[PDB]
Structure formats: structure tokens, C-alpha cells
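Read the single chain below, which is given as C-alpha cells and is the form deposited in one PDB entry.
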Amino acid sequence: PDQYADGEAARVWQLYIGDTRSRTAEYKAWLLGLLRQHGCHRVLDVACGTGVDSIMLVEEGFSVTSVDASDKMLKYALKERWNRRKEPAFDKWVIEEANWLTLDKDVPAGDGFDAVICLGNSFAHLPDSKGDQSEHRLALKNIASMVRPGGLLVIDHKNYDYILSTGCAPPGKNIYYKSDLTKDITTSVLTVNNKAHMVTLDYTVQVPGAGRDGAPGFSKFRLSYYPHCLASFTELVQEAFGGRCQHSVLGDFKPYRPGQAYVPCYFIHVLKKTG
């Protein structure tokens, strides 16, 4: 189900994300570069969310059409495009509901897109409901299909290898989500038959105010992720392109070499479809 249905997460996301100028500060020069370095104007955002990155591309004047499964979150991307409905770029910003699993129809690529982006550890949200990675394969497949030949694919996932290994994630220098308000996170790892199956996080977001000066009282929600490990996604994602693609994985938007000292929080998988 849409873990964002109760729109409580989407309610504090602005806060949950933390500083946008800062969150976006990291990797903004690299994405905009890579996207331009391959000369892509047509960009589809499959995890638009509230639209933090889409808006960025809109502003940097690309042709972005963004989709997302939760209208609760989308609802906000929408508000922005409206407030900025006078800005020509934004008058052309596209926002539609869509689901990776049924994307094939949800968003007719036909021509395809110059680049496809699925940032902020979204895909990890898709669960292994069937036991087999069937769905994951399908989802990934449909995304790969949105990229025009020679197009790109920028998808990532938190470093679950480190999180699973030390049973705890590496917080601090977390590029996508840093807020002085996240007062609590209770991690819950459920492994079945010795296979990590679900990682459930119970959040506590400190909403400014909460009554008198500096007083407890926050917003709570919970998100569950699949702990995708590098090796597996690497292959899995590649297999999505039918093998006809160029694969490249980064640490936290820096070159990543297996067995390296630095432990990245996320793993940015960049893909170039050749067929």
C-alpha cells in the first residue's frame, strides 16, 4: 500500500528533508553536469515526491515530466508549480500520478526520455511481497523502459550493506535527509529464513512550535524499505536494461571502489542505455 497514504510523512517532508538549499547543494553540480554532459533536455522523474529535484531541473530549465505514486506527496509538488505558474518553465512542468509497477501504461514514453531519475532512496520502498524479486524486476524494468536509447538512468539506494552489517545505518553527512528535528528513529530489521526482507523505520519529526518555547510534541510516521545490497542491485538494475547498458556506481556522488575506506550512505547508480 501507499506508505504515504496518511500524508503525515508528506506533511513534514519539508522538515524531514531538512535544508533544501543544502541538500540540493550536494550533487546539484554533478547531476546538472552529467545531465548536460550527455545533453539531455527530456527528463522524467519517477520518484518526484514533493518534487524537490524536479523543481530543480525545471528551474535549471530542462523538460521535466515527473510522476509519483502517492498523490499526498504529489499534492505539494503541485502547489509549487501553481504558485510559480507564471514562471514559463513551471507553466510547462508536468506532474502526474504513476506507479513504477504499472508505469508501462501510466506514462507512455514511446519516444522515451533523454534521462530518467529515481533519487532519494525511493525504489527501496518497493517490497518483496511475492518472495521472489519478481515485482522489483518488473518495476526496475518499466523504469529502464522510460529511457530513450542513449538516455540515462539515475537511481539510488541507501547503503544497506553497512546498515545490515552493523545492524545500524551510517547517519551524518546524509545527503538527502538531514533535519535538526528528527527526534527519533527506531529501526526494525526483519530477516526471513536468513534473508534480509524488510527494514522498518518509525519516525518522529519535531514540528516547530509544539506549544511554548522549546517544548516536546512531534509528528510521527513510519516507512519500510527493502535492504538492497550493492552487488544485487548492480546486477538487478543492469538486467533491467537487458544487459544493453553502461553501468556505474558512485558512493555519495564520488567514485566508489569496492573495499574502499569511505563508507557511503547512498549508492548512486548511473546507467546509459545503449539498447
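When you see a residue number, it is the position in the sequence shown, counting from 1. What we label the rigid core is the largest C-alpha set whose atoms superpose within 1.5 Å from one form to the other.
Set 69-77 against 188-196 and average the Cα temperature factors; 188-196 ends up higher. The PDB entry records a higher mean C-alpha B factor for 255-263 than for its counterpart among 21-29 and 255-263. Between the residues 131, 151, 120, 127, the entry's highest C-alpha temperature factor is the one at 131. Going by the entry's values, 86 shows the largest Cα B-factor out of 86, 137, 158, 92.
Among all modelled residues in its chain, residue 248 ranks in the middle third by Cα B-factor.
Sort the modelled residues of the chain by CA B factor and residue 53 lands in the lowest third. The deposited CA B-factor of residue 215 belongs to the highest third of values across its chain. In the deposited entry, the Cα temperature factor of residue 208 places it in the highest third of its chain's modelled residues. Residue 201: CA B factor lies in the lowest third for its chain, per the PDB record.
This next part talks about the form deposited in another entry, which is not shown.
Superposing the two forms on their core leaves just one of 38, 42, 220, 247 with a Cα displacement of at least 2 Å between this form and the one not shown, namely 220. Core-superposed comparison between this form and the one not shown: CA of residue 205 displaced by 2 Å or more. Fitting the two forms on the rigid core leaves the C-alpha of residue 183 displaced by at least 2 angstroms between this form and the one not shown. Here residue 16 counts as shifted, since its C-alpha moves by at least 2 Å between this form and the one not shown after the core is aligned. Between residue 18 and residue 50, the Cα spacing is smaller in that other deposited form than in the shown form, differing by no less than 3 Å. In summary, the C-alpha positions of residue 74 and residue 18 converge in that other deposited form, ending up at least 3 angstroms nearer each other than in this conformation.
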